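Following this are structure 1 and structure 2, which are two forms of one protein chain, each written alone as structure tokens.
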Structure 1
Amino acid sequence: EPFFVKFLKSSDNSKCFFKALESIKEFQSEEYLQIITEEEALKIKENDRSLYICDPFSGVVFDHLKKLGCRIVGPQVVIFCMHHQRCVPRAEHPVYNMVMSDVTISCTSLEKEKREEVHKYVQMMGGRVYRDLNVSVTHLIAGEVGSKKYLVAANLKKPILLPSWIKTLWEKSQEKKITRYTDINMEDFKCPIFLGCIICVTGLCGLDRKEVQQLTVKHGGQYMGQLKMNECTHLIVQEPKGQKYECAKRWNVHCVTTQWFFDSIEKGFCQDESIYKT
């Protein structure tokens, strides 16, 4: 069934607004196309399953239509969908651009507020957000390594990236430097292999523990010479003896071999501790 596509006019409409108007005028007929003023928009009492084009996503009018439950998208969504001959998204929430379309994310090991922010900005950039980790997830967003979800995503060979990736995607999109999430390079935003790990060793010679310390710091973790409880997450230990080892065992701290550490570096993520126990 037919549905109107209304363009919200204002005193200072952006370049994106007019660009979307010209592209929709060039790839669809003007029969279901209106231009409405702020007056006519404020007066709308009810959501009429039509599509509104706001810029920016702020102000009395945007707040009004959002409260009514209207299907709102930014002009960059129109330009994108027109250019790639693809459908306008469902838009249960307002969608400002399509930079993160085809991206489905889940989060782990994040602060609640940080997660809500990632959810918000991913939703605004045309991506999808899942609480739990399912097959359709394309990227995991993580603040630390280690969690069950982290490991699951790693076994599926999915990218595990930092919130900074989202931040850069948003900022770079507002600076009109990127059209697509692939324009920035993923590896500059990977989650470090040992981010959140606090590693101690025992039984290793001085050169071994200096190498472990150097690599730990290089790969985002922290190294400790002394074992401190409520701090150390992993004790690297090849042979199960010594005061460090037994203290770690009384505190149920991960006691793993060196193969855990170096395998974690080689395979690009923090390995499952359970396979490397002693």
Structure 2
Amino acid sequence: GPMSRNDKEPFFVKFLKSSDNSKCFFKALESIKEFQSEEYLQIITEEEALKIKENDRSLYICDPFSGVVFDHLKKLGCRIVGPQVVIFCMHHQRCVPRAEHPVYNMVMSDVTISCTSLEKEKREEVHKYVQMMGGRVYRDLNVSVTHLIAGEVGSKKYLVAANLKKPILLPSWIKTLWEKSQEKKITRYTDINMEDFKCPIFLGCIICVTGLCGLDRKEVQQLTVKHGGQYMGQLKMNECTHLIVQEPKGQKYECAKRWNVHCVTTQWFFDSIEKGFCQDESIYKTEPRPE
């Protein structure tokens, strides 16, 4: 586990006395010494830290993960962790994770995420937070993944995740985890309720209807809104994503099909609710035959 007891050869652990270092800082130092020889325990100042112009392969402890000294070390790509990692790792009697990337804390220690349907700036931001809270991130999906982060429903990854019955959650989960982390309201990712960040079955879906009786039309209006979708009374290009229609006839249907709008039966809508995720549209095309 921890360094005196770690299977790996001894390395130098170097705390950074910023004066910007918090109480967690001193707590980390006291608790680390129980498994580390004072000799392999150094303390560095900003000037000393800037003197280091290469990757020392030593473990650096910095709070905050910002400033001239942190940017510098990280630019070299040296192992860096926050005081909370130390505390968590000593206390739990486990070795500190190799810091491929700086790790601030272990709030998301046991979590492995992958992303789908997100702005490039968002995904990037989501990766940064997760890695800083001790999580893993797989570009592609696999069984190891514990949680999928989605901005909308529908993508191929979304459907795979959904078939494997894995949690599909909003980026707000990550944001909220990091906020309550800094505010010291949270210690583990299991602290906040995950359900509250569940991705709506119809998130991103703007649904229109045609050819349906008033009862079924109302029902899909009610249910669309209730499952995070947007309902529209009138089909409009560049807006509607789904046109529920039983037959491949009528001016609306032809317009949607031309606009690359999903034309599906009511079965798509209802199976989606029954199954707990946005079903695959291909399985439900209004016009089954290629042609």
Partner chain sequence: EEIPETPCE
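Every residue number counts along structure 1's sequence, beginning with 1. Basically, rigid core = biggest C-alpha set you can superpose within 1.5 Å across the two forms.
| request: Would you check which of the pair is the form solved without the partner chain? | output: The form solved without the partner chain is shown as structure 2.
| At the hinge of two rigid parts that rotate between structure 1 and structure 2, the residue from 192, 119, 253, 214 | At the hinge: 192.
| query | What angle, to the whole degree, separates the smaller rigid part's two positions between structure 1 and structure 2 once the larger part is lined up on its C-alpha atoms? | reply | 14 degrees is the angle the smaller part turns through.
| field | Rigid-core-fitted C-alpha displacement of residue 248 between structure 1 and structure 2 (angstrom) | value | A shift of 5.1 Å.
| message | Keeping the rigid core superposed, can you check how far the CA atom of residue 64 moves between structure 1 and structure 2, in angstrom? | response | Displacement of the C-alpha, rigid core superposed: 1.3 Å.
| field | Value in Å for the CA shift of residue 155 between structure 1 and structure 2, taken after the core is superposed | value | It moves 0.9 Å at the C-alpha.
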